[PDB]
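Okay, structure first, notes after.
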RNA sequence: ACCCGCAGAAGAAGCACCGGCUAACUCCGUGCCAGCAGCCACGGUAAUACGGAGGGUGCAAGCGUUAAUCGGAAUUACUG
RNA sequence: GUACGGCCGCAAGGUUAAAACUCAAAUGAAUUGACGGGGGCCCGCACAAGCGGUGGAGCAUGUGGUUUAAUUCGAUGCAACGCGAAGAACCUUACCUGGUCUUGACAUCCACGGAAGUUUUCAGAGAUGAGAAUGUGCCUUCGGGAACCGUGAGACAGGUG
RNA sequence: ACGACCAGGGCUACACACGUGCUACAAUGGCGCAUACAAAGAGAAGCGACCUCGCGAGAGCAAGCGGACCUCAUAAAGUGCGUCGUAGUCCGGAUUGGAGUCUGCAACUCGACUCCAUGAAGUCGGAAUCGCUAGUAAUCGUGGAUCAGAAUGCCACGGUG
RNA sequence: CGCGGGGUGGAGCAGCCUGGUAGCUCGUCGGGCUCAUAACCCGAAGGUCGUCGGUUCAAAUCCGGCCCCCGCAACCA
RNA sequence: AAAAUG
Ligand SMILES: [Mg+2]
Ligand SMILES: [Mg+2]
Ligand SMILES: [Mg+2]
Ligand SMILES: [Mg+2]
Ligand SMILES: [Mg+2]
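Protein chains in written order, with this note's numbering: chain A, 862 to 908; chain B, 6 to 105; chain C, 69 to 274; chain D, 3 to 359.
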């Protein structure tokens, strides 16, 4: 099962190259309560 | 602190209660200038042999309610925070949120 | 979270002392601990029966403990044998022979602790928390409380974030030192977490 | 204390045993011996050669791990008699043949670190930081420190060669050389992208972060600059220079072309007037081109090797450093370590053997 | 075609869905993985949204699905 | 308002005017905020005016970093850094290198055999493990229970994880 | 067994980087010799006058005080003389060793203190930065709490000011 | 291979002309500033002077061999 | 006069 290498024709280091493409992104939690937190409509919504 | 910790000091306390007079006498003769040298030597080894838990040195006084050794008090016998908690509830006689 | 504990700032002003005994520095700490133990025992025993607080007094090495309760029918019981039994355990805890006195609180909803306990109970048997709080406040108002502030904190309705929720009715002068602020806290051991029920009740101005 | 160590050793052996297939290689050995015991087996030499040695190599594993189970018990029994009767010599003889067993285990352990062309050679590792901007950099430095600690614990010379520090705090890229006995063997299996989960100190709102940093480990190769091309491999041909020069250039075989016979690469020169300068200049050029050919073939082989590794994909994400829940889960390990502070202080002994397996 | 006689439930029920829209919600792996999805994005170790089990809802020898066309679009408005 | 084509243009370009693909918004007004190297007002040892510091040195202490078998853990702009540890010799203490105990170190429920306690002998770093001398409280138609240890089974403990 | 019991090591590492406290660099001083002012505390498994011996910390000896009475404790700066004459000093006391005293099972990693010596850096501190509006800062001492034992910390009391 | 010019702390430049005695800017490291980073302010470290011989009391400095780079030349046919 | 970025 392939991954479409955003980098393409990988010549030198495969690991490093991959780590520098969308597959190993910087992933950020959308936490509640604080900063970058507010949701207009919740997961289940207002009742 | 832990229950284990509490148990430890309880054990130590018990040992102290048991062994004190025996400990005391040895201390006394160690102190004594008018005493035999060999006898003194004998006393010192006795003391060395006799339990470490029996000593008042190993007695790290803890909170008598929770178990915290840090923030101990000879007036109340509790943790500082715990004392404060008690105080505010009115559970301590005398202790006023006071100013001077 | 910030403020003074009102019962501790008023302990020599309007609030009478919960601990009313003299002991030397040599014999203070241990006595205090014994008292605490007795309190704990009382809490364990009379949680199903409605109790608020106890006042401890020991003259001539013979303790009299004053108990503030809502209903004397379950607290004393049908006979004074249960009371005697209770006393025995207190005596055992403390050292010296024990005597007790009971006090029925007039207007049970005027006292905060009982109300808090009730709220906790409600929370435990799964009722709408907000609604319960509102009901409590209403009851207090009916009873003739000049002011009532209730406050619950955290894990309300099994939410992933803590919920701070509070109702305020009448006048609750937390800053007035001559005010009779009756403040108590009961912390609910719910399935979802711990909810801390805080309650101030303003009784009168003296 | 010694008897409990025996049991530990036994346990270690047992765990080793499953992966090396005690129940399958013993069955494999059954079938070889069914054919090779017959005198008519050398009808086919080609297959028999490949099987003959194979069986010999597999006998040194199955039967020896049976001589281990048989061994530990005997030594234990040897120990028991002596201690009970207060005899001393047997105590010493009980330790000395347990001693053999550790060496055997090491050899079997060595056999895992023996598989491969490059193992005992000098070792290099590149810790490249991810896309985090700051978090990634922070992670990378941590990783580096962990590696250093590991090196210290094992007992190796650790030489930081290139160190590009973070824009705020951390490491963007770092190349460290680690020299010594089977230095690459321990570190070959560490190669991969490291998944760090953390509550970040750089986020003002204090968000939780899934961060990555590659730790590409590669061994130091022999230099092999250029093979000295012998005259039997070169094809030297001379001809006339193209252009102007009256009677002189029209009548010179000054221009030269050199062709490498097995390759087909051809280098010409018609620069200088002399044949002999050109011959050596076009050879210098021919040598240069040969290097390129050999450099390019090595690079393409590398490229193809790495495109295999690329097609592993998400498998490069090896070890999940869940610091926000303390426990660390490596993909091949199947075990969690509740002491992150020991893991970070270079105690990856729990992770090397499992990933190598 | 239809009608007369015979035994016995005998041989004829299941798919789609249950976050909100959109009628119907809880538990077990799972954990920004796998997966979901018409749209607003669920999934980051308590998922009423994944996947299963139990409990439903609504259809019904079906039911979804994509497609196609119109509507809702008063999103080409002569009506408007 | 771009491509291509046309028409116009000396040229610059203008004019007419798409499609594919792509996104779930794109905006408009207004509202609460926050922010402004906008404006106005006021205030704080905020500046100014002053008084001494620190930073340079040695010493105490705490952190980090490296290191160590282990350097318990937490605290991290102010609002972490003589902080939690109002007191790390042992203990504390959580940690490491060893030696040890598995209903547990601490509880409660037992079933029973034995009242607790009192005195000592050796080995060991000690945890502890045996041995030898001394012992037997309140009522009891008095089986026994209240106390204190041993034993085995489970409930369950427990954890400064 | 990420559980517990013990023993030691540690948490006091050490090329360093920082923070925070203290003593410093001097003659408003350093020391020697006379002398003045307290406040606030803390105490009966405690404090410990008097007398004696110790350079001395401390011992013996033997009263009193559950303690405005007995004590811990003489407050120290200040004042009154004497010196030294701006030196790395009669500055500063670090460090490194020696000789002793308590405390506790025990100071070796690891307590102070009595003493003898020793005399490192430092001659007011780069960039930068910090506190304080009056009994305030600045500065000198005195307690206490956690303490068998051990504060330059912290809480407080007072002197100059 | 010819003639000429260089190779100097991590980068680029002097200093070599005429012997003694190593500077400049950027970085590097350390502090500071700021919520942080960048800039800026302060402090510090870093050199067998391409390599090897020689002469000279002594060589980066002079001379020669060797290596690397740059330039010019490499012609009439 | 000075304040680039997150
Ligand atoms: Mg619904
Ligand atoms: Mg329409
Ligand atoms: Mg146009
Ligand atoms: Mg300094
Ligand atoms: Mg410094």
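For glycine and all other residues, C-beta sits at the position ideal for the given N, C-alpha and C.
Residue 105 of chain C beta carbon less than 7 Å from that of residue 62 of chain C: As shown, chain C starts at 69 and ends at 274. That puts residue 62 of chain C outside it, with no answer to give.
Taking residue 864 of chain A as the query, report the chain D residues whose CB atoms sit under 8 Å from its CB, ordered along the chain. Translated into positions along the first chain, residue 864 of chain A becomes position 3. Within chain D, the residues near residue 864 of chain A are 312, 313, 315 and 316.
For residue 80 of chain B, which residues in chain C fall below 8 Å Cβ to Cβ? Within the second chain, residue 80 of chain B is the residue found at index 75, counting from 1. 93, 96 and 97, listed in chain order.
Starting from the Cα of residue 319 of chain D, find the closest Cα among A:875, A:890, A:870 and A:868 and give me that residue. Counting from one through the fourth chain, the residue named residue 319 of chain D turns up at place 317. Considering only alpha carbons, the answer is A:875.
Which residue wins for smallest C-alpha separation from residue 15 of chain D, given the options D:295, D:70, D:233 and D:332? Translated into positions along the fourth chain, residue 15 of chain D becomes position 13. The shortest Cα separation from residue 15 of chain D among D:295, D:70, D:233 and D:332 belongs to D:70.
Within the same chain, show all residues whose beta-carbon is closer than 8 Å to that of residue 336 of chain D, passing over the 5 residues directly before and after it, in chain order. Taking the fourth chain and counting its residues from 1, one reaches residue 336 of chain D at position 334. Within the same chain, residue 336 of chain D has close Cβ partners 356.
CB contact flag (residue 256 of chain C, residue 182 of chain C, <7 Å): What you label residue 256 of chain C is simply residue 188 of the third chain in a count that begins at 1. What you label residue 182 of chain C is simply residue 114 of the third chain in a count that begins at 1. No; because the gap between Cβ atoms is not below 7 Å, this pair is not in contact.
In the DSSP output, what is residue 257 of chain C paired with across the bridge? Locating residue 257 of chain C in the third chain gives position 189, where the first residue counts as 1. Beta-bridge pairing links residue 257 of chain C to C:262.
Chain C contact for residue 86 of chain B (CB, 7 Å cutoff): As a working note, residue 86 of chain B is residue 81 in the second chain. It does not; no Cβ of chain C falls within 7 Å.
Which residues in chain D have a C-beta closer than 7 Å to the C-beta of residue 905 of chain A? List them in chain order. On the first chain, position 44 is the one that residue 905 of chain A refers to. Here the premise fails: no neighbours, minimum Cβ distance about 22 Å.
Residue range of the beta strand (DSSP E) that includes residue 166 of chain D: The count along the fourth chain starts at 1 and reaches residue 166 of chain D at position 164. Looking at the DSSP string, the run of the beta strand (DSSP E) that includes residue 166 of chain D is 159-167.
Under DSSP, the beta strand (DSSP E) around residue 321 of chain D begins and ends at which residues? Residue mapping note: residue 321 of chain D aligns to position 319 of the fourth chain, counting from 1. Its beta strand (DSSP E) spans residues 319-324.
Between the region 113-132 of chain D and chain A, which residues of the former have a C-beta closer than 9 Å to a C-beta of the latter? 128, 130, 131 and 132
Please list the terminal residues of the continuous alpha helix (DSSP H) segment that includes residue 278 of chain D. Working through the fourth chain from its first residue, we reach residue 278 of chain D at position 276. Looking at the DSSP string, the run of the alpha helix (DSSP H) that includes residue 278 of chain D is 277-312.
Relative to the C-alpha of residue 885 of chain A, which candidate in D:233, D:213 and D:255 has its C-alpha closest? Position 24 of the first chain holds residue 885 of chain A. Nearest of D:233, D:213 and D:255 to residue 885 of chain A, Cα basis: D:213.
Applying a beta-carbon distance threshold of less than 9 Å, which residues of chain D neighbour residue 896 of chain A? Your numbering for residue 896 of chain A matches position 35 in the first chain. Neighbours of residue 896 of chain A on chain D, chain order: 205, 206, 207, 208 and 209.
Shorter than 7 Å from the beta carbon of residue 92 of chain B to some beta carbon of chain C? Position 87 of the second chain, counted from the first residue, corresponds to residue 92 of chain B. It does; some Cβ of chain C falls within 7 Å.
Assumed close pair residue 64 of chain D, residue 28 of chain D - CB separation to whole angstroms, cut-off 8 Å: Start at 1 with the first residue of the fourth chain, and residue 64 of chain D comes out as number 62. Start at 1 with the first residue of the fourth chain, and residue 28 of chain D comes out as number 26. So it is a contact: roughly 5 Å between Cβ atoms.
Starting from residue 887 of chain A, follow the beta strand (DSSP E) in both directions and report where the run begins and ends. Here residue 887 of chain A is taken as the residue at index 26 of the first chain, counted from 1. First-last for residue 887 of chain A: undefined, no H or E at that position.
Give the straight-line distance between the Cα atoms of residue 312 of chain D and residue 22 of chain D, rounded to the nearest whole angstrom. By one-based count along the fourth chain, residue 312 of chain D stands at place 310. By one-based count along the fourth chain, residue 22 of chain D stands at place 20. So the alpha carbons of these two residues sit roughly 28 Å apart.
Short of 9 Å Cβ to Cβ, which residues in the region 135-167 of chain D face chain A? 135, 137 and 138
Just tell me which of C:228, C:172 and C:108 has its CA closest to the CA of residue 893 of chain A. Indexing the first chain from 1 puts residue 893 of chain A at position 32. Nearest C-alpha to residue 893 of chain A: C:228.
Give the straight-line distance between the Cα atoms of residue 269 of chain D and residue 872 of chain A, rounded to the nearest whole angstrom. What you label residue 269 of chain D is simply residue 267 of the fourth chain in a count that begins at 1. What you label residue 872 of chain A is simply residue 11 of the first chain in a count that begins at 1. Going by the C-alpha atoms only, they are around 27 Å apart.
By a C-beta neighbour count over all protein chains shown, 10 Å radius and 16 as the cutoff for buried, is residue 353 of chain D buried or exposed? As a first step, residue 353 of chain D must be located in the fourth chain, where it is residue number 351. Buried, by the Cβ-count rule.
Assigned secondary structure, residue 195 of chain D (DSSP; H/G/I helix, E/B strand, else coil): As a first step, residue 195 of chain D must be located in the fourth chain, where it is residue number 193. DSSP places residue 195 of chain D in strand when its eight states are reduced to three.
Which whole-angstrom value is the C-beta distance of residue 146 of chain D and residue 173 of chain D, which I expect to be below 8 Å? Stepping through the fourth chain from its first residue, residue 146 of chain D is reached at position 144. Stepping through the fourth chain from its first residue, residue 173 of chain D is reached at position 171. The pair is a contact, with the Cβ atoms about 6 Å apart (cut-off 8 Å).
Host alpha helix (DSSP H) of residue 150 of chain C (start-end): As a first step, residue 150 of chain C is located in the third chain; it is residue number 82 there, counting from the start. 149-162 is the span of the alpha helix (DSSP H), which, as asked, contains residue 150 of chain C.
For residue 274 of chain D, which residues of its own chain have a beta-carbon under 8 Å away from its beta-carbon, when the five flanking residues on both sides are left out? Indexing the fourth chain from 1 puts residue 274 of chain D at position 272. Result list for residue 274 of chain D: 256, 280 and 283, in chain order.
Taking 7 Å as the CB-CB cut-off, is residue 901 of chain A touching chain D? Against the first chain, residue 901 of chain A aligns to sequence position 40. Residue 901 of chain A does not count as touching chain D.
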